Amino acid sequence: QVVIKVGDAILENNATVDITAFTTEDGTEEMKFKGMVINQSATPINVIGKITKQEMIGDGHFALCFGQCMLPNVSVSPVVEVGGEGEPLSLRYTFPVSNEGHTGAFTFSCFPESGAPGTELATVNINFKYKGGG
């Protein structure tokens, strides 16, 4: 009943989304994933969003926004009450400009307020493929 949407599409659970676009500012690159977490039930549900896996180049950092934009490298959102219109979700990955490519890789899951292991309601895997991905 809880899904992640990217662009116009509901993702299958555990989908993988590749982001290749980057913007440059002050010798630092930024790549961004954007989507929505949607609760398709008539009854609202309280969830927490977590980055459950993170793979970055050495001086990379990430920034999660879900309910609130969290500080750099903070992996857990606040509790958010989600319904049918959905809650925006974004993940920004920032890292040094390089002539060489690499892939930053993250997993985001939505959990019931509990946060109990194995209770994931929806999961997306996000690959930031910078300059070919390496």
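The first residue of the shown sequence is 1; numbering continues from there.
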Read off the CA B-factors in the entry, average them over 26-34 and over 65-73, and name the higher stretch. 26-34
Comparing 3-11 with 125-133, where is the mean C-alpha B-factor higher? 125-133
Among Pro88, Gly60, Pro78, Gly101, which carries the highest Cα B-factor? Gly101
Can you tell me whether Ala105 has a C-alpha B-factor in the lowest, middle or highest third compared with the other modelled residues of the same chain? middle
Of the three thirds of Cα B-factor ranks in this chain, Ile51 occupies the lowest
